[PDB]
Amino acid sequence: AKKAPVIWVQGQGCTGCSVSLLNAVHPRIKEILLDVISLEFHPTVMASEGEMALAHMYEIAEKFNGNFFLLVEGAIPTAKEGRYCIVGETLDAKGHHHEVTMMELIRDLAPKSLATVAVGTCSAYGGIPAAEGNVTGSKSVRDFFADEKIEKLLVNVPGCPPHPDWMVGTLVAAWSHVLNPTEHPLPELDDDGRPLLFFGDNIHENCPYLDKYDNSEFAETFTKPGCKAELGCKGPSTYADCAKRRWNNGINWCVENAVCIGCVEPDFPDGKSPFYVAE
């Protein structure tokens, strides 16, 4: 019952990908932490801090070299020599202090990893931090890897936030592959590196309002009956299995409640905006 070693790092994130993971069911987060993964470093929940936390991260990245998953939440800002995201401070054999940027951290840990998994639209595609108006040179993991000429297996699990089922399912599929690659091939990815397992279905094609759409029955406001297209729904241009899976243990989902804002797509948010204007 060997657990998957995980180093979870945050760049320009909001911790929402982490919080969504905490909402997992079947398995729930207690079983994920005690039975499925070894969460070795995670800044939001781990016991140790500062020097001890970083020393532990680096010790794991060494002892489990080529045998841990680097999980990345949030974007990587490249402007001003990486100084828009300082992730920690390191101390030399002498006593002096050196800040570590998100760029430096990813450049360091990615080549040590077995695979990198970019969770959330920020890390996968740039997302909100990389949207029009930002001045931080905010970049996705795939773009940073391309700029750095880093060849490391990379899987994207987008969403803002991703559903816990997408993150857990992808990580379990990756670990199963490592343990027995011919019995468990890697999930097929689309052109944007995300698994077809979760991101192959078009929301609109699978939407329970499709009959209403077909009969031109459009909700005049949020609280009227009909398809949500005129309220701004981006289901037509969005690929995820939300219509089947729903959210928060099946309680609700964006389209029933309001509109899809296309949160899993590489052009989120700018290509999906304005949110309340029809596509």
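One-based numbering along the sequence shown.
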query: Between 31 to 39 and 211 to 219 (mean CA B-factor, as deposited), the higher; finding: 211 to 219
query: Comparing 247 to 255 with 224 to 232, the one whose average Cα B-factor in the PDB entry is higher; finding: 224 to 232
query: Residue of maximum C-alpha B factor among 71, 179, 109, 131, per deposited coordinates; finding: 179
query: Highest recorded Cα temperature factor - choice among 205, 165, 104, 143; finding: 205
query: Residue 187, C-alpha B-factor rank within chain (lowest, middle or highest third); finding: highest
query: For residue 78, the third of its chain into which the C-alpha B factor falls; finding: highest
query: Third assignment of residue 138 from its chain's C-alpha B-factors; finding: middle
query: Chain-relative CA temperature factor third for residue 200; finding: highest
query: Third of the chain's Cα B-factor distribution that residue 114 belongs to, per the entry; finding: middle
